[PDB]
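See structure below.
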Number of protein chains: 2
Amino acid sequence: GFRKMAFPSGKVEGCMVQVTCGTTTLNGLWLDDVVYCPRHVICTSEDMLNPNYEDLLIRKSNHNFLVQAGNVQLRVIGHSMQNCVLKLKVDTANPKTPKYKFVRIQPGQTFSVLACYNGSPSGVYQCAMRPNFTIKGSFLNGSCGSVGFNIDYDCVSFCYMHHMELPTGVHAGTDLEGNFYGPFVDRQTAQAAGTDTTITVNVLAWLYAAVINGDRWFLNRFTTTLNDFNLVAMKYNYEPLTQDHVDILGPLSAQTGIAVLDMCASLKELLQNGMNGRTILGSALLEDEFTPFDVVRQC
Amino acid sequence: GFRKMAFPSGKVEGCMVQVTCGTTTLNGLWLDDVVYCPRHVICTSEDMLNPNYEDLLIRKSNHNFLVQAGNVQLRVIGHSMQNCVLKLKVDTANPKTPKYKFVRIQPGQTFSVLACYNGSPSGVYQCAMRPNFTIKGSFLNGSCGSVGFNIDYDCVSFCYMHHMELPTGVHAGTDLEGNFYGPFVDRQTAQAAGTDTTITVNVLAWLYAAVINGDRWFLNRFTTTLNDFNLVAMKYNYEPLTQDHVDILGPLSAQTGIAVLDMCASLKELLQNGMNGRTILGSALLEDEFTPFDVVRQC
Ligand SMILES: *[C@@](O)(c1nc2ccccc2s1)[C@H](C[C@@H]1CCNC1=O)NC(=O)[C@@H]1[C@@H]2[C@H](CN1C(=O)[C@@H](NS(C)(=O)=O)C(C)C)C2(C)C
Ligand SMILES: *[C@@](O)(c1nc2ccccc2s1)[C@H](C[C@@H]1CCNC1=O)NC(=O)[C@@H]1[C@@H]2[C@H](CN1C(=O)[C@@H](NS(C)(=O)=O)C(C)C)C2(C)C
């Protein structure tokens, strides 16, 4: 079968603490003896319109930070400020720190999000970094600080840290070095994201997964060139397919015996004529949240 | 926002072992000093057409069972056979055994599945127990023994253990006492499941979640009685709505200010006239995989 899956969240639960700065309470990541968290923990619900995080960080001393690993208080001994995130050095090192790394995913790359509230893991779901650098996730108040991650067998790659919910209903945050994903800033303002395109490669890899799972009615006897299809897709707000993406689709093209350009033709007529009531993999829409690697992983 | 989420799989990863009986290798659940697993581990790929599990279990001694918790071999000291599952008592008790219970979910109830292969957790996704006692999950060879679970803060409720992939593409298994969910038997035969209905209450709770999230175009100025709507839905292969389900929808009806019967009217015209191209919560289909409790949990 073919489901939307997330990496096992186990290893990340062991790094989930509750950070507080006065009234404000948001989640933090405890890796080794450092606790990474959004810098807007030093803010009040009235110091959000436009806060100078440099002057706000002046008055805040180590004792203004309450890190609580479950029911056990860690001691903030030092505090740094990398980009939009705080970095509170603590006395104890995490005995549960797994083999980890800090990465920056690209538009189209998917990762699991362990949504936490008050330091407690609430649940896990999978999202892609939309080409407009936003995520269509599930966050409420107090979710800030929840992280996005992928796993390389032993190694947990961290790629996201939640910050805000944009006007259009979608979410935005940073990588683990504090740099925002996109043109966003950490302030309460009407800062809407641009127009969203569809990750073409991710839909082709989904149709490849669909063929592998038995749903193959959409398949036509046609072909098209990369120049031909790419120019057709561009009109429908689709991520321009490159020869790189074609190669990434390799193992799927091999498993299925269907050329990448043969698959682009079936998609081309699907864009021109619509799905007309029918369903692919039990979905009445063209799903782009699955990378070629996501599909291979489920085979 | 509104995503399909699974409970944090952490606590379950600590109970995931690799069980082997000759050539055959499938996953097992190590709770306290007992390892629960599907009884068809004692089978060969030629002893599946119709195997007498009583006579097959005769020749198999404790030393024919290789339980490997990661890289550490446990010692099978005793072996029982509750319904379709084996129960191998081991020397060491699991130091990571969480507060757990064994439950039997009902058609309509959803749970997280931690899909394991060779004792290793491969990933987690959420499914409901379809009214025809099958699950639309994601399983390959060696996935048998992967468990389905819900969490009550401290307490992990176990409700499923994978056994097979039915002809129609969907999966079927047992509860943790070995009893199959549905009319299925553990043998390799053409045993297709009946016609599937739609969990009406789960769609109403999804439209309630949709209203809470801003998508509310489907809402009409009409109403209907429980007798009226229920008889209309029955024609479209829908689970007959009971007054119990109406009460369960309570907190959602309260959050939204929309009566349960007002919501059934919008669904009634949606069934009669179709969605005509439009999308609710970014879905071009009526989604029934979310219980009222699933929706409350994300609020
Ligand atoms: C996050 O959990 C935080 N809450 C608080 C509360 C007080 C002080 C600091 C923080 S961080 C929260 C999560 C989002 C709430 C709605 N769903 C979420 O994902 N983040 C916010 O509320 C951020 C936060 C301030 C304002 N805010 C917003 O997202 C606002 N939208 S916006 C992008 O500014 O248009 C708000 C929801 C209208 C900052 C940006 C620091
Ligand atoms: C499960 O992992 C097992 N594999 C083996 C191999 C040897 C011995 C025992 C087992 S249990 C496996 C998982 C399914 C494979 C396809 N995707 C899955 O979810 N289960 C099976 O292969 C079961 C197993 C024997 C036959 N089988 C089937 O599902 C067959 N379909 S059926 C329901 O019999 O129509 C097969 C896929 C055609 C039993 C039932 C013991």
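FYI, residue positions are counted from 1 along the chain as it appears here.
Method of determination (from the header): X-ray crystallography, 2.5 Å.
Note: Cβ is positioned from N, Cα and C throughout, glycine not excepted.
Checking the candidates A:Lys89, A:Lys235 against Swiss-Prot, the annotation ubiquitin cross-link falls on A:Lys89. Chain B comes within the C-beta cut-off of under 8 angstroms for none of the recorded positions A:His40, A:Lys89, A:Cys144. Burial estimate for the recorded positions (A:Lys4, A:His40, A:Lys89): highest at A:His40, by number of other CB atoms within 10 Å. Of A:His40, A:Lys89, A:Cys144, all annotated as recorded positions, the residue with the shortest Cα distance to A:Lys4 (ubiquitin cross-link) is A:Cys144. Cα to Cα, A:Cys144 (active site, nucleophile) and A:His40 (active site, for 3CL-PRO activity) are separated by 9 Å. Across the structure, A:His40 (active site, for 3CL-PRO activity) and A:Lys89 (ubiquitin cross-link) place their CA atoms 17 angstrom apart. DSSP assigns A:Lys89 (ubiquitin cross-link) to a strand segment in the three-state reduction. Following the DSSP three-state reduction, the secondary structure of A:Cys144 (active site, nucleophile) is coil.
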